[PDB]
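Consider the single chain below, provided in C-alpha cells and representing the form deposited in one PDB entry.
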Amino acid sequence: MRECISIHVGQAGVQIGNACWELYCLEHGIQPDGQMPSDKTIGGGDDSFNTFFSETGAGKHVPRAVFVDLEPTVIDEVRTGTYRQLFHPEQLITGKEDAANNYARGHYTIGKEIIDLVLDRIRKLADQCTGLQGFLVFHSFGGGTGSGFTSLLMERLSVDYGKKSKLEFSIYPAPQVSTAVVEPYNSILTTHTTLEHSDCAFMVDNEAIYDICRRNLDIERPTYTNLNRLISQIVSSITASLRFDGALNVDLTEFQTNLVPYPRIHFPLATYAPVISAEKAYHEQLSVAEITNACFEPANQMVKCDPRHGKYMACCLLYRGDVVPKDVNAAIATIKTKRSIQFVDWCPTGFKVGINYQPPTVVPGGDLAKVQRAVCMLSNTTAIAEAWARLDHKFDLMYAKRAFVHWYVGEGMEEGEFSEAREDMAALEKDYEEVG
C-alpha cells in the first residue's frame, strides 16, 4: 500500500472534490463521521482503501486531502455540510481575497501570501505516509486561483517532492457555464507553466459534460451540482484501480507507463458508458458489447473531439460490475473490424483490460440510474489536439489586440510570458501533428 494525497484548488477543484469524497465514502462503506464498520483493523492498516484514507486510533477514516481557496465561501460549505466531520480541519485552507479571475493574481501576488502555509500542511500529511507515491491535483483552467495558484503549487511540489508523481484533473472552459472573458488566457498560461511539472492530466471539458447532462439525463439547464455528480462518477472510475485490488493502473507510475508514451503529450481522453437517467429505473440492461461500442462514440467523451480524425497511442478499458472476461475479448475483437480505429505504427495495437466486479455506486440525490455494468475507457489519441486548437484560437483573437493584458502586467507579470506560453502551445500542437 502506497499513499496518494489529493489537493483541491479553487472553487471548481473544491466543489468537484466534495462530490468525489462523498462518492468514495459510499463505495468503501465509510460514514460521514469517518467510521467504517467493515474495517476489522482499528488504528491503521495496509488495505487498498488506505491509499486515500488514513486511520486514527479511534477508528476514524480521514481523507488524505487538502482543500485550498483564496476566498472562503466555497470551502465554508464543506466546513458546514454533510461531510463536515470527515476532514481534518487544518486540511481546509482559505485566504480572504480571491484572484479575481486573474492568473497573475493567483500566481504572483495574492497566491504568494498563502503558498508556504499550504506546503507546511501538505508536509504534515506526507509525514504520515509510509510510501507516498504522489499527488492528484484538482483545478479549473479558467479561474485565477485554479490557474495561477495551481501553477505555483505544482512548481513548489516539484522542488520538495522530486521523485513523486503528479496527476491533474483539470476543468477546461465552456461558454455555456463560464465565469470570465479571460479564461482562454488563464488556461494557456497555466498549461505552459505546469507542463514540465505534471506527469498525466485528465481534462474535463465543461461543454462535453453539459451536453451529456442535457441529452442523456434530460436536464434542461444543468447546474454545477449536476455536472459535478457526473464528473465524480468518471473520476471514481479512473481512481478505482488505486483504491481497490486490481491488475491494471495499480499505482501512479503505471498511469504514465500505460498512457503517456512521451512526457509532453500527457493528456488522455476519458470516455464513460452508460449514462442513464434515474427516472428510467426499469431500463433494459446493456451488454458488454453495447457499453464497449459506446466508448467509440464522440457523444460519450469527457472532451469534445473526434477520435476518427486522430490516431491512438494507448487504450485502457476499465470495467465495473457484471462483466465476463470472454465477453470483453469478443467485444474488442469486433471493434478491431472497424476502419475508424487506427493506432500509430510504433505502438502495439493492443487494448489493456482491467475488470472490477463490483457495479458502480449511485449517490442518493443523483441523476444516474443504477446499472449492473459500466466502463471507462482511457485513451491517448492525437484527436485531443482539436481541444488545444479551439483554446489557442480564442487566445489569439484577444492577444492580437492585447485585450485585457494590462490586468496581468499590473500584477507582477511580464508581457513576454504571454508569447512564451503561446509558443509552447504552438509546439504542443506540432507534437500531436508529428505523431499524426
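For every residue, the number given is its place in the sequence shown, counted from 1. Each form is matched to the other, and the largest set of C-alpha atoms that superpose within 1.5 Å is called the rigid core. Residues that one form lacks are left out of the comparison.
Chemist: Mean Cα B factor from the PDB record: higher for 301-309, or higher for 130-138?
Modeler: Higher mean C-alpha B-factor in the PDB entry: 301-309.
Chemist: Pick between 40-48 and 402-410: the one whose mean CA B-factor in the entry is higher.
Modeler: Averaged over C-alpha atoms, the B-factors run higher in 40-48.
Chemist: Per the coordinate record, which of the options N226, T334, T191, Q233 holds the highest CA temperature factor?
Modeler: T334 has the highest C-alpha B-factor of those listed.
Chemist: Report the option among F244, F296, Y185, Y272 whose CA atom has the maximum B-factor in the deposited record.
Modeler: Reading the PDB entry, the winner on C-alpha B-factor is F296.
Chemist: Looking at the C-alpha B-factor of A58, is it in the lowest, middle or highest third of its chain?
Modeler: It belongs to the highest third of the chain when residues are ordered by C-alpha B-factor.
Chemist: Could you tell me which third, lowest, middle or highest, the C-alpha B-factor of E22 occupies within its chain?
Modeler: Lowest third - that is where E22 ends up once the chain's C-alpha B-factors are sorted.
Chemist: Per the entry's values, where does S419 land by CA temperature factor relative to the rest of its chain, in the lowest, middle or highest third?
Modeler: Its C-alpha B-factor, which the entry lists for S419, ranks in the highest third among residues of this chain.
Chemist: What third of the chain does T73 rank in for C-alpha temperature factor, lowest, middle or highest?
Modeler: According to the entry, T73 has a C-alpha B-factor in the chain's highest third.
Chemist: By its CA B factor, does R64 count among the lowest, middle or highest third of the modelled residues in the chain?
Modeler: Within its chain, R64 is a middle-third residue by C-alpha B-factor, going by the deposited values.
Omitted from view is the form deposited in another entry, to which the following refers.
Chemist: Taking only shifts of 2 Å or more in Cα after a rigid core superposition between the shown form and the other one, tell me which of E279, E90, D218, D160 qualifies.
Modeler: Meeting the 2 Å or more criterion is only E279.
Chemist: Does superposing the core leave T109 with a CA shift of 2 Å or more between the shown form and the other one?
Modeler: No.
Chemist: Could you check, with the core superposed, whether the Cα atom of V250 shifts 2 Å or more between the shown form and the other one?
Modeler: Moves: yes, 2 Å or greater.
Chemist: Closer or farther: the C-alpha atoms of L252 and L132 in the other entry, versus the form shown, with a change of 3 angstroms or more?
Modeler: Farther apart, which means the C-alphas of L252 and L132 are at least 3 Å more distant in the other entry.
Chemist: Could you tell me whether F255 and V137 have their C-alpha atoms closer or farther apart in the other entry than in the shown form, knowing the shift is 3 angstroms or more?
Modeler: It is farther: in the other entry, the C-alpha atoms of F255 and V137 lie at least 3 Å more apart than they do here.
Chemist: So which segments really shift between the shown form and the other one, if a segment has to be 3 or more residues long and each C-alpha must move 2 Å or more after the rigid core fit?
Modeler: Segments displaced between the shown form and the other one after core fit: 246-256, 278-281.
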